[PDB]
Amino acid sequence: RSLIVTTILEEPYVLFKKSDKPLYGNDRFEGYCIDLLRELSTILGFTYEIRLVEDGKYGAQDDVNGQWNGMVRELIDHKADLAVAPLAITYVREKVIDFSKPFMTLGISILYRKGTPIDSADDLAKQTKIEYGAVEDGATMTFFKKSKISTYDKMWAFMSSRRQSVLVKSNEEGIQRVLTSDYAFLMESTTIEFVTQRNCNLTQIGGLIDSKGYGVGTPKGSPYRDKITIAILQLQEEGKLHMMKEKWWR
């Protein structure tokens, strides 16, 4: 049977392809992760059906009831066979689902405007005039929520107390906030690179705050995890992932 592949809209990894005519099935989608999925299928010999995650979330565990949401929950429940998306490999996720080895490496950083006095997370933490936030229920939010580092702990205190006003539903919403208000957005460096190649007034501020990879997610125990790792290693070595990066980040 075809594998069910959960994913999420996120430029330039996954987007709706443009056409003057209606599009159907997998042909509706394009992006770096869609190219990745196609190449994985070429190597491993599977067929697949792409399905956008219904709640539009990456995945986090609820504080109170300990339930997961997003693509992570879809894998846990065996509603999908793979998640092919910019899904960060994290400690808490690795406890409940499996991941291939990373196809891309990245870290949290800051998206803000050029020409300002802000040069680091510490600069943001030490003030309140410039608001800042992150995507709700993603790995970046979770990093701040759990950090014992003073600077990041202070930042979580600020974001948490202003949740409704500074946390956003999507990277797109965050980027828009940066473009239209005095706001700095905590987000992943890979995605910042895409944004700053298109928006010449924006820049990454400071360096990477952490390091992590994106991996293909599978339900815990899936035999596809190790096969997908081997295929990713092949695509990396052949230079195909690099060409895909160049294609989509232009």
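For every residue, the number given is its place in the sequence shown, counted from 1.
A.B. asks: Output the stretch having the higher mean C-alpha B factor in the entry; the candidates are 221-229 and 60-68.
C.D. replies: The stretch with the larger average C-alpha B-factor is 60-68.
A.B. asks: Going by the average Cα B-factor in the PDB entry, point out whether 79-87 or 141-149 comes out higher.
C.D. replies: Per the PDB record, 141-149.
A.B. asks: Take the CA temperature factors straight from the PDB entry and tell me which of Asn171, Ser109, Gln127, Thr105 peaks.
C.D. replies: Across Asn171, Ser109, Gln127, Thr105, the entry lists the biggest C-alpha B-factor for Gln127.
A.B. asks: Can you tell me which of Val92, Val178, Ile97, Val166 has the maximum CA B-factor listed in the PDB entry?
C.D. replies: It is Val166.
A.B. asks: Among the modelled residues of this chain, does the Cα B factor of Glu39 put it in the lowest, middle or highest third?
C.D. replies: For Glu39, the deposited C-alpha B-factor lands in the middle third.
A.B. asks: Where does the C-alpha B-factor of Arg28 rank in its chain, lowest, middle or highest third?
C.D. replies: It falls in the bottom third of the chain.
A.B. asks: Which third, lowest, middle or highest, does the C-alpha temperature factor of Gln197 belong to within its own chain?
C.D. replies: As the PDB entry reports it, the C-alpha B-factor of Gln197 lands in the highest third of its chain.
A.B. asks: Going by what the PDB entry lists, where does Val135 fall on CA B-factor within its chain: lowest, middle or highest third?
C.D. replies: For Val135, the deposited C-alpha B-factor lands in the middle third.
A.B. asks: Rank-wise, by C-alpha B-factor, drop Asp210 into the lowest, middle or highest third of its chain.
C.D. replies: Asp210: CA B-factor falls in the middle third of its chain.
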